[PDB]
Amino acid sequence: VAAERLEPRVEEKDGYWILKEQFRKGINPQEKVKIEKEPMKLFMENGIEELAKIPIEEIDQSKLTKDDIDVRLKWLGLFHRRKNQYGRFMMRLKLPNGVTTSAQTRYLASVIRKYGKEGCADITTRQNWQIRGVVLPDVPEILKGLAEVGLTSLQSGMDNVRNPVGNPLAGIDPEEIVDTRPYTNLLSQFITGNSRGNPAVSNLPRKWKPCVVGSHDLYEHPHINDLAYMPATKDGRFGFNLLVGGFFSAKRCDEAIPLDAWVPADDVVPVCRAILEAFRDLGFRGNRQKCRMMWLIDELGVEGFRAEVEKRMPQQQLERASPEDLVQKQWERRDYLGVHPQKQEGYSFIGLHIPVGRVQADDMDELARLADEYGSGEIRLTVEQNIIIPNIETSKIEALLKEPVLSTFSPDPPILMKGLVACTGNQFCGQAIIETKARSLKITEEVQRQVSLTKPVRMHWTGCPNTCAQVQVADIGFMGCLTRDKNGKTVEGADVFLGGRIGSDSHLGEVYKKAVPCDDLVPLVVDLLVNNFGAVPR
């Protein structure tokens, strides 16, 4: 690699970071949008106030403003559902470590409630909240309301740092390695500039995902993150070994690889900054499918990339990885649904199943009520789109289990439901090829009616090749497609994936059978479960 390849391609100009004039040739259309107007100005210079007053029909009449609502607003966590819910916006938060409060939950519920049939909310595969139904004129007030309850939606979509994922059992599990909350909190504060915006990390070549590991279970899925912090002692000091480059895409799925770097615990933010600066400064900005950070690592080689991180560390120091980390390979992933004792004597947490992560305003209020009556007003989200309510005095559990809402959001649903994960799908998502959430519930219910089993089989349903529901991690995965019935009629289908493993012995699954009509999946899945997962016909 020539020395010229290492010239930073962006520069700071008036508080924002822009592509240098000599690096603008051949860039993709999204890069052109970012050059035409800095997206962060919508928040940091309050551009949203005037934009929100323009009728959407007028907005659509000029490229600049249409790009504002369809592209730039994703820097404020707002996602125009142009195709499938025209004029409405999904809104996505920062929620480091999946931690929310009852007050925040009620606030989000009050927002979606206003929108009636156009509103609802979802737990995401990054243990995050999305709300739906938002209209542009309400955006300024919603931004204010979020801030009032201690939430931000900054930099949650497009070419930004995604929600920092941590251990859902952080601080409460007798078996945790290290509480991940302080680190995910710090990362979120760094990324968003303490909820004011951080332009230094908002003009990346592409999305970028971080997680901090604190569980032997590896609930955080470090193998699929762009940066994963693996807890490790080195020379008698606590810190993290670093894995880099994990990502999924239609084109390519790759597990994270060692950077061959260890940092002391206090260097979590400095090294996040150094890696992001290297990616920002040096990453390809052509074909969007070749812009994720792993592509830069392949171009420079991992050592070449490492040197770029190192030069951007304070005092330009970056130690090599510790030979061992603290994660025990002898481990069985633990079910967190149901009632479990905390490390604090006399306290329990309860994991509740949220069917395909979907909730209405009334459901959110009820969950918030439970967290107040039984817990400490805290609700935690998980990457399987479930919830945990921690800090419940154990003597209260008997009463809790009798609460009517637990018949819907159950501490002990059937085993296949426990592991079921599904993306948004075509109810709202314009990329989706099929409907996912309703279909996956229906099929899973029919399958479980036919077979019993004891193995915790994890089924993931994703609506298109973007694989937001991570079919490549599933025991059985379903990727949306259109296919044909016996008469040659167009029908919704799924490509079925097998072979995904999580935890320390991770592995990426691959397509096993293409183009199966959705109406034909039940017998296929029943047979797979009996033949490969020890299921028994009822």
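Note that residue numbering begins at 1 and tracks the sequence as displayed.
- On average the C-alpha atoms of 318-326 have higher B-factors than those of the other stretch, with 275-283 and 318-326 being the two compared.
- Averaged over CA atoms, B-factors in the entry run higher in 449-457 than in the other of 449-457 and 222-230.
- Highest C-alpha temperature factor among 250, 422, 91, 433 per the entry: 250.
- Per the deposited record, 345 carries the highest C-alpha B-factor of all listed residues (384, 345, 378, 179).
- Residue 493 sits in the middle third of its chain by CA B factor, as recorded in the PDB entry.
- In the PDB entry, a CA B factor belonging to the lowest third of its chain's modelled residues is recorded for residue 167.
- Among all modelled residues in its chain, residue 482 ranks in the middle third by Cα B-factor.
- Split the chain's modelled residues into thirds by C-alpha temperature factor. Residue 301 is in the highest one.
- Ranked by Cα temperature factor within the chain, residue 267 sits in the middle third according to the deposited record.
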